[PDB]
Amino acid sequence: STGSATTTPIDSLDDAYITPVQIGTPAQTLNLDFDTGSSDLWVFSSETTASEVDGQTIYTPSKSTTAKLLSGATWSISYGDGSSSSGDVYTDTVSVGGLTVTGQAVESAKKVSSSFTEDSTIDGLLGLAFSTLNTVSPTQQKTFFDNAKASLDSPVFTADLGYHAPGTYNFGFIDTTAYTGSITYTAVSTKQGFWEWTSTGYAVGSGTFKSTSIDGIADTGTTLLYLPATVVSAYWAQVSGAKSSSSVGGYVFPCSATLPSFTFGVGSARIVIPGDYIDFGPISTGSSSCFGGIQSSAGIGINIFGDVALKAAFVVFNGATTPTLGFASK
């Protein structure tokens, strides 16, 4: 089997991407944030504290003839950005772009943190990291991909995120028309439960490539590109007036700037992030100070190849017995 679904930016900045997901019988369609940095499929629901729901579409398990309460199971997750959610668990039928899993754990939120409430466009998350990170207790549950894998034509999914435009998540096949040149594959460590890999280096604009190993995670659920402070400083030094602002929370730059591109290495291959991908707009409405899309990972504890990086590529998440990642230009 295969599946193919369009993923759409939630706003004009590509702050996140939503993909429609069918849950239950009859189908209840929710728009979920596909997150290769986590491993829980959780949804706003009829059980979510009412004051914490503000415009989201909810899953109502009592209206699904295929929903079954997973007795005794609870979940609770905290994300790198400080947000969190928790609740109980159903199993139900879940379909993405024509690919169906029966008995998928659907984690129903009883509580969500303010940032989730405040984002009306995201109805929940669909985790695509390794199932070892799944938070369901006392019996850990499998991700949608993990459940689908054996049925797929090939045990892979691909992320093709757009810049200011829709893109595609495919399951079970590689669309050879969706990228240019070749896909370069690179080793993955699953030891921390992430799609963790090592970039071979970087360049800023038309500058020379610096060969240096950068370990980090391919994370579709993180907006920006978080890299070591040395790398980030080298980038922003090429933008007149750019500075790191403790009050804002990272590098800012004059909105009148033309940003240079940023290149990262995948083996001997190179992915070029155009300068415009690195512009996240005014820090506050009407400001002429703009927020940068490349930020320091110092104090995160890990480098994160988030959407800023991934949207410059066609990305293969290869869930073979020994997982690997593939990157192509597009």
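So for chain A, numbering is Swiss-Prot's, and the shown residues are 90-419, in order.
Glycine is no exception: its Cβ is also placed from the backbone N, Cα and C atoms.
Here is what Swiss-Prot records for this protein:
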type     : residues  : note
ACT_SITE : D124      : active site
ACT_SITE : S288      : active site
DISULFID : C344-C379 : disulfide bond
DOMAIN   : 106-417   : domain 'Peptidase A1'
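Listed recorded positions: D124, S288, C344. The one with the lowest count of other Cβ atoms within 10 Å of its Cβ is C344. The local packing around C379 (disulfide bond), expressed as other Cβ atoms within 10 Å of its Cβ over all shown chains, amounts to 22.
With respect to their backbone Cα atoms, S288 (active site) and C344 (disulfide bond) stand 29 Å from each other. Between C344 (disulfide bond) and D124 (active site), the C-alpha separation comes to 30 Å.
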